[PDB]
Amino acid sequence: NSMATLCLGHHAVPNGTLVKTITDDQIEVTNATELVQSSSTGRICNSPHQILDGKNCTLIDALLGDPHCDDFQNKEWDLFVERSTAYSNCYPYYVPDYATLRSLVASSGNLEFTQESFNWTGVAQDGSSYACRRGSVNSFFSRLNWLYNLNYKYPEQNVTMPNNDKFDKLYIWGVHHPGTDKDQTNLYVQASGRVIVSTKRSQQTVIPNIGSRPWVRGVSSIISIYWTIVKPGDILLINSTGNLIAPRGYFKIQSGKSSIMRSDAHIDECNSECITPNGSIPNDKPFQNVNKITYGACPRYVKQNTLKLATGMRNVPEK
């Protein structure tokens, strides 16, 4: 010859993948990586977040002190997990802003309770019921105090409780709506009257309303549930003619990174920073298609189930 020939080229592969670009929406490159997490194991990992399985207990039931929720006293969590099998097994209750209370308690992230003695005078304390048995024995919500007549007298109550500590106190109280006029008098002797719970910034008034409610667990009555926050240097102040389901103390209002989630996924011993109701998912990808409900360092939820990012050149095979 006295001649040589030098050819330049690029590599190719047999398998290849399709990705989308600005111009084509299916074009073949040598290699791509998935950007959308679309699968979970089905199990929540109990590290590195304090997970608290509520089992048969709702966060509201545990807050009030339902007897079968006794194991949740003074408990704290990063993520509280409510199960669809949860039930209530105490006195019938109702919460006007149930979602708000559930939210603020979940965000606070603990049930650490501090006892307080309020000084009720002239009334019987520690009322119980056939519908809230702690051992076939009658009892009540562990964190509420049912006030009723004492030797067939019920004097009007006036009570203060100052917040001299340095944080915010959360009080949970209630009002009793008996089913019959005669049940009203056998309990509080007087006809229905008011409950006025106030602070220097909050103002709440409940008027008991006697009436037949749906029979639940042996009774046709219902308790309404209300909440009050007391700032430092402020004062909680209760004035009630009767029908008062009194608080036994206060919860601490922390403010952290805790929340609540509805799931039935089992809890393993594993490690992943992201939690979804469908279980834990890895966060090595920037997007996910598992669930829009997430907690932790999670990929961002998107509608696509696959987004292939090209990690190689165009694949042009041979003939």
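For every residue, the number given is its place in the sequence shown, counted from 1.
The deposited model assigns a higher average Cα B-factor to 264 to 272 than to the other stretch when 286 to 294 and 264 to 272 are compared. Note on 12 to 20 vs 300 to 308: mean CA B-factor is higher in 12 to 20. Per the deposited coordinates, the residue with the largest Cα temperature factor out of 84, 103, 73, 209 is 209. Across 88, 108, 142, 121, the entry's maximum B-factor at the CA atom is seen for 121. When all modelled residues of the chain are sorted by CA temperature factor, residue 112 is found within the lowest third. When the modelled residues of the chain are ordered by their C-alpha B factor, residue 7 lands in the middle third.
Among all modelled residues in this chain, the alpha-carbon of residue 78 has a temperature factor (C-alpha) in the lowest third.
Ranked against the other modelled residues of its chain, the C-alpha B-factor of residue 189 as given in the entry falls in the highest third. In the PDB entry, residue 154 places in the highest third of its chain by CA B-factor.
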